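S.K.: Quick one, what's the 3D model for this:
(2 chains)
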There are 2 protein chains.
Amino acid sequence: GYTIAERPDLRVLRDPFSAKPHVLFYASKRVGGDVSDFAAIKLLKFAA
Amino acid sequence: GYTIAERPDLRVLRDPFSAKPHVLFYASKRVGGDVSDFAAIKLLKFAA
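M.R.: Numbers count the residues shown, from 1 in each chain, chains lettered A, B, ... in the order given. Here you go:
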């Protein structure tokens, strides 16, 4: 049902240069995903 | 007549730190030159 597309690495870039008296760590990871198969998932609704 | 002085390269310094989600390539080659033998270049002025 759910397909998770992603890049399997959390790239880090510590920045001793921009904010000179600080270090300014920068971490980013790329991920995405929605239902690829609408048949493979069913839900339980509590209405009626 | 004309002499060019240069460094035969292109120095690219990518800077992932100034603009954080960008890379900001900073490239700079240095070149200079003027006429070295003034007798070897004539011109055609259109005045009179």
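S.K.: The nearest residue to residue A:4 once chain neighbours are set aside and chain B, how far apart?
M.R.: Nearest residue to residue A:4 in three dimensions, chain neighbours excluded: residue A:33, at 4.1 Å (Cβ to Cβ, 6 or more residues apart in numbering or on different chains). Where you see a C-beta, it was placed from the backbone N, CA and C, and this is true even at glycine. With distances taken as Cβ to the nearest Cβ, to the nearest Å, residue A:33 is found 22 Å from chain B.
S.K.: any idea which element residue A:33 lies in?
M.R.: strand A:31-35 (DSSP states H and E).
S.K.: Can you give the distance from that strand to the centre of its chain?
M.R.: Here strand A:31-35 is found 9 Å from its chain centre; the criterion is Cα atoms, centre = their mean, to the nearest Å.
S.K.: other SSEs contacting that strand?
M.R.: Counting contacts by 3 or more Cβ pairs under 8 Å, 6 or more residues apart in numbering or on different chains; DSSP states H and E, strand A:31-35 is packed against strand A:2-6.
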